[PDB]
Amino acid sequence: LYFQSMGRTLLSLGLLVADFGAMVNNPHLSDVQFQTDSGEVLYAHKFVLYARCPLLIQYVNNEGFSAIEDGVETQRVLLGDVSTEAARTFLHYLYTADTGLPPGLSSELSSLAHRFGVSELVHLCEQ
C-alpha cells in the first residue's frame, strides 16, 4: 500500500509543519524574544531553539537578559545588524524547515545561518 502509506506520511508531516509554523513570532508560551535594531520584538520559544540550534540557544542563555513585558517576565536577547524580516525568516526555518527563502534576504539569512551554525541554511542561501 505504498501510495496510501506515503500519502499518510506526507500529510502528517504537512500538518506538523503548519502547526509549528503557527508558533512563529507567536507570544503564546514564549519564553524568549529577540529585539532587532528597528526596535521590533520577535517572540520565540526556547523549545525550538534548543532542539534546532545549539549556538543560538547558547547565545540566548549567555547574552539574553530578564525583561518584563506587559507584566510578564521573559528572556530578551538583542539581535543586531539584521532586518526584522530576515530574523523572522530565520526563526521560520527553525520552526518549519521551509526551504522557500525570499531571495532578497539571502545575504542576511546566510549571515545569521553562519553565525549560529545552521549549515543547511547556508547551503540554501548559496544555491
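Just count from 1 along the sequence shown to find any residue number.
For the pair 94-102 and 50-58, the mean B factor over Cα atoms is greater in 94-102. Comparing 113-121 with 20-28, the stretch with the higher mean C-alpha B-factor in the PDB entry is 113-121. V41: CA B factor lies in the middle third for its chain, per the PDB record. When the CA B factors of the chain's modelled residues are split into thirds, the value for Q33 lands in the lowest one.
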